[PDB]
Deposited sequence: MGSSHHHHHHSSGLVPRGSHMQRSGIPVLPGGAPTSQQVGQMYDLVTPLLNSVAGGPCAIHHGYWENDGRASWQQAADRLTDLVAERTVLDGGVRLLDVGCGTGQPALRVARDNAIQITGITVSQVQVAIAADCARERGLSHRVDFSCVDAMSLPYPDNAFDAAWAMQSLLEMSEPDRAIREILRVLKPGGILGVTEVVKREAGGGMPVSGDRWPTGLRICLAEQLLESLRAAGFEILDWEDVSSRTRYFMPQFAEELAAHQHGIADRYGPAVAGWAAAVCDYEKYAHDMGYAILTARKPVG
């Protein structure tokens, strides 16, 4: 029944990422995935490696052939798009509200020799410039819950997908109804609420996988990485970034209530 509970504007979100990007890159050792890792065992792989696994799982579910056009909704620094573009002859349109991320993503594309397959733009997902029925597939890897009006973005994605087009969504969720923003600033949402918003917009749900048991290593491991780079965060990156950093390192107060969802949905055929 209930959908995504519904905040910062898209410009404000872009600004926050403009500010925090250099810190994330520093922690990661370069432009990085900005999503949780997925582990096969008891947390052995680095979070970067585990994040690449998540990317690969999403690509498996969404890139069904060569020669398709894919919209990466909230593309971060473009690292996941470029990972997939290395080995898939497809066209990815990556959109983000952060001009810092656009610039980094486009440079990375150039450096890697992948700009024939991937391009990046500063575009608000709540208002897409694209015609109806433009894309074979889409990703929203931890982007929908950052939006002021996620339902609006979901309807736009449905609009610009072709009939039968596939959407893959990942998100940090409240694992279960037992026991509103997380201390990191992320909107609190159940996977069940995300599903209901997708359905309500007109998507067919193909699959939901609750993978909370595979991703639980992320917050502790990323916090430890962050803590190494924590000196002078407030003076070097600004107080907003310092507040966010403090929240991540405070993960023991809340992360046990978090889980993770991989959703596959499609625009009805026609």
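Visitor: Which ranges of the deposited chain go unmodelled, in order along the sequence?
Guide: Going by the record, the segments left unmodelled (no C-alpha atoms) fall at 1-22, 29-32, 206-211.
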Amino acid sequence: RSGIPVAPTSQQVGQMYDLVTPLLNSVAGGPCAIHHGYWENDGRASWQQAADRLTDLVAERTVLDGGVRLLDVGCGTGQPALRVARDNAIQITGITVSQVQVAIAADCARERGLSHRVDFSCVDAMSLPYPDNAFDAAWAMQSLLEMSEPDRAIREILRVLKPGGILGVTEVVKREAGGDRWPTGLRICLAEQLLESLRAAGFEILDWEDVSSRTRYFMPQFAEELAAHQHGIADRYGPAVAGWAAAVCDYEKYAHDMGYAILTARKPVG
From here on, numbers count along this sequence of modelled residues.
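Visitor: Quick check on the record: does 224-232 or 52-60 carry the larger mean Cα temperature factor?
Guide: The stretch with the larger average C-alpha B-factor is 224-232.
Visitor: Would 42-50 or 240-248 have the larger average of its C-alpha temperature factors, as given in the entry?
Guide: Per the deposited B-factors, the answer is 240-248.
Visitor: Per the entry's Cα B factor values, which of 197, 98, 170, 184 stands out as the maximum?
Guide: By C-alpha B-factor in the record, 184 ranks first.
Visitor: Of the choices 16, 262, 255, 24, which one's C-alpha carries the largest B-factor in the record?
Guide: Answer, based on the entry's C-alpha B-factors: 255.
Visitor: Grab the CA temperature factor for residue 67 from the record and place it in the lowest, middle or highest third of its chain.
Guide: Tercile = middle for this residue's CA B-factor.
Visitor: Taking only the Cα B-factors deposited for this chain, tell me whether residue 126 sits in the lowest, middle or highest third.
Guide: Middle third, going by the recorded CA B-factors of the chain.
Visitor: Test of reading the entry: by CA B factor among the chain's modelled residues, which third contains residue 86?
Guide: Middle third by C-alpha B-factor.
Visitor: Rank-wise, by C-alpha B-factor, drop residue 102 into the lowest, middle or highest third of its chain.
Guide: For residue 102, whose C-alpha B-factor we compare with every modelled residue in the chain, the answer is the lowest third.
Visitor: Would you check the entry's CA temperature factor for residue 211 and let me know if it's in the chain's lowest, middle or highest third?
Guide: It falls in the bottom third of the chain.
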